[PDB]
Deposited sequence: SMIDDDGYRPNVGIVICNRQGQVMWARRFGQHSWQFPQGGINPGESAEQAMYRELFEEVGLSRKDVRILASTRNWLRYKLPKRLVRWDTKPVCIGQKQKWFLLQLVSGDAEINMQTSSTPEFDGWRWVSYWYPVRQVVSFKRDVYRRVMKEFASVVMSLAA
């Protein structure tokens, strides 16, 4: 996307859950690190629109395959490690996060459709597992996101 005047790129992140207290966890393409889906917001896109485009392009899913259960209100920001900034200069991302319930079958997910996929593939993990597993500079964002979505996902699991 296009960087704001503080140097942050607008982005959306997706927490997809099932009814078993689990969330969809995906391996970064060609790496050993894992994360939730996230993608940039293009000019002329709302955050919800950008979320559905990421959902289709990197997870293979339709609006019809999910239901939106929650979203974060205002931006959550993280800064890139200084060594990973590339010289507007982008120093990090500002993110809007969505909680989706998967209602179609697991087999509807297709993460291989892009010529350079965001992900190799995915698995179900326990709800809080992402917070300690994501790369360290995203941990503060992930903690706040999972703390905000926790009550909804746990209700589904009861």
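Please report every deposited-sequence interval that has no C-alpha in the structure, sorted by position.
The deposited sequence has one unmodelled segment, at 88 to 90.
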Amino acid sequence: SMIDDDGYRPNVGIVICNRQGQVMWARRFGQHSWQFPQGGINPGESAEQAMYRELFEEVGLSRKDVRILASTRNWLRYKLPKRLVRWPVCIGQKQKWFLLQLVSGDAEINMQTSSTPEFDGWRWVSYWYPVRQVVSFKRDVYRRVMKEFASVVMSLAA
From here on, numbers count along this sequence of modelled residues.
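What we label the rigid core is the largest C-alpha set whose atoms superpose within 1.5 Å from one form to the other.
Between 23 to 31 and 114 to 122, report the one with more C-alpha displacement in 5 other deposited structures of this protein relative to this form after a rigid core superposition.
With the rigid core superposed, the C-alphas that lie farther in 5 other deposited structures of this protein are those of 114 to 122.
Among the other PDB entries compared that flank it on both sides, is residue 87 unmodelled in a third or more?
Yes.
For the higher mean C-alpha B factor in the entry, choose 53 to 61 or 115 to 123.
The recorded data point to 115 to 123.
Of the two stretches 88 to 96 and 42 to 50, which shows the higher Cα B-factor on average in the entry?
Result: 88 to 96.
Classify residue 150 as lowest, middle or highest third according to the C-alpha B-factor given in the PDB entry, relative to its own chain.
CA B-factor rank for residue 150: highest third.
Place residue 10 in the lowest, middle or highest third of its chain's C-alpha B-factors, as listed in the PDB entry.
Ranked within chain, residue 10 CA B lands in the middle tercile.
Divide the modelled residues of the chain into thirds by Cα B-factor and specify which third, lowest, middle or highest, holds residue 18.
Its C-alpha B-factor belongs to the lowest third of this chain's values.
Can you tell me whether residue 32 has a C-alpha B-factor in the lowest, middle or highest third compared with the other modelled residues of the same chain?
Highest third of the chain for residue 32's C-alpha B-factor.
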